[PDB]
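Participant: the data below comprise the sequence and an experimental structure of the protein.
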Amino acid sequence: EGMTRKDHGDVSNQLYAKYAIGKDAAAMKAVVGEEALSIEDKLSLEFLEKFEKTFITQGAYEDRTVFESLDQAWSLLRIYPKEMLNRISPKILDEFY
Amino acid sequence: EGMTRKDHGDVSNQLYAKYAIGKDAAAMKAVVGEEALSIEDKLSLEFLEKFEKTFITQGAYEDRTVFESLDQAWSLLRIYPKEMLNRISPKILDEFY
Amino acid sequence: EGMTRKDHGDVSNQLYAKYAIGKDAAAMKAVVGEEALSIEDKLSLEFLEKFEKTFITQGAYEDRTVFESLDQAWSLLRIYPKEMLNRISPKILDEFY
Amino acid sequence: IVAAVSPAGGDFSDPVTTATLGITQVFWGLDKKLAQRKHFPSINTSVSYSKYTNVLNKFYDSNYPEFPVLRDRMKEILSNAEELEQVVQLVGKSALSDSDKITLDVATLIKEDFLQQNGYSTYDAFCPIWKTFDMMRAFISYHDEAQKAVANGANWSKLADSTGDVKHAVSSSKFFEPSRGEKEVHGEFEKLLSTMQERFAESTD
Amino acid sequence: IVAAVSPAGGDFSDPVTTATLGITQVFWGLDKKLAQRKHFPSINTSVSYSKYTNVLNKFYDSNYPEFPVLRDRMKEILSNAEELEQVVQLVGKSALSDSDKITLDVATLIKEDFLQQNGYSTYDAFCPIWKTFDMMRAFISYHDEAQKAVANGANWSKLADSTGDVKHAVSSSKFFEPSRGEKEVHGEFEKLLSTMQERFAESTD
Amino acid sequence: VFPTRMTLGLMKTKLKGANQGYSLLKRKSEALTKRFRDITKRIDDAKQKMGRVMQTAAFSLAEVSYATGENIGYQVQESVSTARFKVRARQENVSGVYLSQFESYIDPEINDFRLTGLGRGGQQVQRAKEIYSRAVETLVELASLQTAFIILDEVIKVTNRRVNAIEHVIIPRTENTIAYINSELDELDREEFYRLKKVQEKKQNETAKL
Amino acid sequence: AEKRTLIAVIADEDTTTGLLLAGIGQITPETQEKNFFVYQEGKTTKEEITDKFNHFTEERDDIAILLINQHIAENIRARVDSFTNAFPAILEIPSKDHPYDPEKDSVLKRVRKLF
């Protein structure tokens, strides 16, 4: 507290769980198909493709801090509902959605 | 012929072949399931489970003789058919099943 | 030219890919089963068995010319359509196809 | 010269086994699965080969029956049964026909009765070439008649259960002494071939 | 400095390739399975690196080249084509989206036009930068037009039948020289830009 | 028979691909069984409701046929030469495999069969035919899911057997062969270094004199 | 695609008369053979039901779903249990004057084992 973000620990675990669920949904999406894919595999698959080109994507001459990375991860995590988000506190999740 | 039974070698070789045949039938029956299980694999797995749970089970101080183990091994090996048993003599098979 | 055929080296590129595809379809057919093979796996599996038992089948004292080996090798390649071979030119392939 | 070798660390990639097997022209394999069932020695068609059997097939076919055709038919049956055992073990028994079951059961019975050469007496270890040729010809004619009988419409369990003592009688011929018949030729194989030929017509209809 | 590495031990664990891989700045791949299939010179999209692309992108911005933008999408489609082919061959062909089939179809024509060389093309003496950069624009525009047409509502057979002569002309465009029409650009690249809108509009409608 | 130097690299990717395919086959088998349980329960409830509706329609048709006082099945079978109510085979598959669907269709030109006009039995035969077709449409629409249930039940055993056989037989061969090849390579490297140290020991004592 | 529009019926004269009156089956004029078989109570044998089920199961491709009663399916439980293909599908329904039984379903026996 005082040298880092408060929701950076829960945001990294939620982004890691959304990345693993996006990798499992992307791997199961090829076998299941496009017309038979689940909503969780498509929602996690869109968050994996959007998070792979947004969070990991950076500039060679641009400097991004952890506060801008947490705000950029909050925009990728904002597509999921509030009921499907349980790796953070309710005050930090309601304040930063 | 004075310290052990004369048919102990045929029952030991037939039980040794039936143990590996029951282990291979149990390993193939575990992967295959019950949709393509052979008829001999059920008797081989039943004789392997009854022989492994009857002949293999023994106390740390309970004494046991080879004559009672051969008589119980003949009754446990008697569940197989006569056409399957081909590793023993016909006089020993006709004398005891 | 003058001591061999022009398409002999071109047919070996498609024959090598068909031989590798026949081994991959043969290993995938035995490993995974007959419910996971594609349409090219059956023609590659038949072309691998026909090419493995037709081109390499010969005696120990009968001479085999290059024209007879190319004519007998060109007949084993005709198992699929003209839209599945890409290791040869269409001008030289259409003249000897 | 017959020299056996063994590994020094638990593998078969030693220089003594590779150097001894490379210079020699005859190879006698050893299977842990067939050796686990009390089979000394376990020799298969995939781990064994010999080029002198073709030259020995002329004198063996002149002074004895045609063992060279039964050797190639037994090696071709064991080569199909070896892939059929892994194919039936991997995918299952619901992906093969009834023709492969007679080849796998005949290869298992011929591999079990032919692999075991130790026995419990002096009759299960000394077998002549005529007894093995008649025993291999009886199982080859029984498998060939069972394949043609099953090809015309029949079940594998109905044919194997319909055989009964005909299959165990050929497997129980090794327990008898080798002095039966004339000098080495046992007459039970001629009646077993006629009983298999008579049972082949009943198995088809 | 162009020095080819050879095998001196394992496939990648050799000391010459391991010590030479650190000091080098550009690395190219090599398919071991595709090399034996008569598909040389082959490369691997997963095993590759280059440090002069950033400095070469500055002079390429002054030269107006579009080689790296199509090379990144071709490397992504070639990377996804191996995972789609391995997942399709391992899991089995029972269901799949049109994006993986269009990516494998574009990777087949891109691997046939770019992978096949040294005996599979008529013109291999000179390769201009405008022909190589403009050649990937037809495949990237066909894959992006097929993915945009399938994303906006369309069938796979309607788009594949809607392409028609454009797929055979784009695959057979490598045999033609770049000396037709202009001195650095062929007429097939200019006609493919006008025919791509009619094929994409006819495939979607 | 495998290579001793640099042989674990292909076995690691083959074991990872076999583990990924076994995990995907396990997930597809779990989803196939999860859909197969609800398909079995819905097939049982639809079989019970189709049996009750078929019992009511058979009771009404048996009451109309017994009340008619004549063989209505001979006249209906003789006058029946076309299929008025047909079905359309369509592929509606939301799953790892393909499923079979059926849609009921009625032809507009196909009118009622000429079996009426015998006095009181004609109206009861026409109403029993209309109620029999109205019950038969819901009976076929309720019984249409049996091909998809049999297809999923047929595919679930092959998926579970393939996932169990591949997952059971996949890991130990390359898992033992990689450690055996690595142990043979380490023993060969230690045997090379142990022979190199004795050669360097004479060069150290020979170079120490200079 | 669609390649079948007819439905086979193997039941009593009341259910077969109602199903034939509804228009599920008909008689093809190419061979003069009907697409359904009436089951007489005590008049027909099991060889005609097994021959009609074998001729309608594999000898015809225009049958979408094969209908069979629980009472008539009990005498053909060997051939009905041996057939597990979905083309055509076998749907065991309750017969007239008979209750629902779980032992007369061939799909329930295979679905019960390894469920």
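Facilitator: Perfect, I can see it now. Numbering: from 1, shown residues only, chains lettered A, B, ... in the order given.
Participant: pull the longest helix from the chain.
Facilitator: Assuming you mean chain A. helix A:8-32 (DSSP state H).
Participant: you looked at the wrong chain, it should be chain F
Facilitator: Every helix in chain F considered (DSSP H), the longest is helix F:8-68.
Participant: show me what the helix or strand following it is packed up against.
Facilitator: Sequence order places helix F:72-79 as the next helix or strand after helix F:8-68, per DSSP states H and E. Using 3 or more CB pairs under 8 Å, 6 or more residues apart in numbering or on different chains; DSSP states H and E, the elements in contact with helix F:72-79 are helix F:8-68, helix F:120-142, helix G:13-22. Using the backbone N, CA and C atoms, a C-beta is placed for each residue, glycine as well.
Participant: relative to helix F:8-68, how tilted is helix F:72-79?
Facilitator: Here helix F:72-79 runs at an angle of 120 degrees relative to helix F:8-68 (axes from the mean of the first three to the mean of the last three CA atoms, to 10 degrees).
Participant: most tightly packed of the helices and strands packed on helix F:72-79?
Facilitator: Greatest average neighbour count among those goes to helix G:13-22 (a mean of 28), per mean count of other CB atoms under 10 Å in any protein chain shown.
Participant: chain center to the longest helix of chain F, what's the gap?
Facilitator: Chain-centre distance of helix F:8-68: 8 Å, with CA atoms, centre = their mean, to the nearest Å.
Participant: right, is that helix up against chain D?
Facilitator: No. Helix F:8-68 lies out of reach of chain D by CB under 8 Å from any CB of the partner chain, never closer than 12.7 Å.
Participant: quick one: check that helix for contact with chain A.
Facilitator: Yes. Contact check for helix F:8-68 against chain A, using CB under 8 Å from any CB: residues in range are F:20, F:24, F:27-28.
Participant: between that helix and helix A:8-32, how many degrees?
Facilitator: Using the same axes, to 10 degrees: helix F:8-68 against helix A:8-32 is 60 degrees.
Participant: hmm, helix F:8-68 touching chain B?
Facilitator: No. Judged by CB under 8 Å from any CB, helix F:8-68 stays clear of chain B, getting no closer than 12.0 Å.
Participant: give me the angle between that helix and helix F:120-142.
Facilitator: Between helix F:8-68 and helix F:120-142, the angle comes out at 170 degrees (the same axes, to 10 degrees).
Participant: and residue G:64, which of the three is it?
Facilitator: At residue G:64 the chain is in strand, as set by DSSP: H, G, I helix; E, B strand; the rest coil.
Participant: please, where are all the helices along the chain?
Facilitator: In the absence of a named chain, chain A is used. Using DSSP H, helices in chain A cover A:8-32, A:39-54, A:66-76, A:90-95.
Participant: oops, I was thinking of chain G
Facilitator: G:13-22, G:46-57, G:70-75, G:77-82, G:106-112.
Participant: how about those helices, which one is nearest residue A:67?
Facilitator: Nearest of the helices of chain G to residue A:67, taken as CB to CB: helix G:106-112 at 56.6 Å.
Participant: return the distance of the closest one from the chain's centre.
Facilitator: Worked out by CA atoms, centre = their mean, helix G:106-112 lies 17 Å from the chain centre.
Participant: spell out whether that helix and chain D are in contact.
Facilitator: No. Counting by CB under 8 Å from any CB, chain D is not contacted by helix G:106-112; separation bottoms out at 12.2 Å.
Participant: now that helix: buried residues?
Facilitator: Neighbour-count burial for helix G:106-112 flags G:106-108, G:110-111 (criterion: 16 or more other CB atoms under 10 Å in any protein chain shown).
Participant: and for stretch D:64-73?
Facilitator: Judged by neighbour count (16+ other CB under 10 Å), stretch D:64-73 contains these buried residues: D:65, D:67-68, D:70-71, D:73.
Participant: chain neighbours aside, what residue packs nearest to the residue nearest the centre of chain D?
Facilitator: By CA atoms, centre = their mean, chain D has its centre lying nearest to residue D:110, at 3.5 Å. Distances taken as CB to CB, 6 or more residues apart in numbering or on different chains place residue D:139 nearest to residue D:110, at 5.2 Å, with adjacent residues excluded.
Participant: gap between the residue of chain D found nearest chain B and residue D:188?
Facilitator: Per CB to the nearest CB, residue D:93 is where chain D lies closest to chain B, at 3.4 Å. Here the criterion is CB to CB, to the nearest Å. By it, residue D:93 lies 33 Å from residue D:188.
Participant: contacts only, for residue A:78.
Facilitator: residue A:97 (CB atoms under 8 Å, 6 or more residues apart in numbering or on different chains).
Participant: oh sorry, the question was meant for residue F:102
Facilitator: By CB under 8 Å, 6+ apart, the contact list for residue F:102 reads F:87-90, F:140-141, F:144, F:147, G:64-65.
Participant: then residue D:82?
Facilitator: D:44-46, D:107.
Participant: just confirm it is within a strand.
Facilitator: No. With three-state DSSP as the criterion, residue D:82 is helix rather than part of a strand.
Participant: separation between it and chain E?
Facilitator: Distance, residue D:82 to chain E, using CB to the nearest CB, to the nearest Å: 25 Å.
Participant: what are the buried residues along the helix or strand containing the residue nearest to residue D:110?
Facilitator: Residue D:139 is part of helix D:129-151, with elements assigned from DSSP H and E. Neighbour counts over helix D:129-151 (16+ other CB under 10 Å) mark D:130-131, D:133-147, D:149-150 as buried.
Participant: and the nearest residue to residue G:68 once chain neighbours are set aside, what is it in contact with?
Facilitator: Closest residue in space to residue G:68, ignoring its immediate chain neighbours: residue G:10 at 4.8 Å, by CB to CB, 6+ apart. Neighbour list for residue G:10: G:16, G:36-37, G:39, G:49, G:52-53, G:56, G:66-69, G:72 [criterion: CB under 8 Å, 6+ apart].
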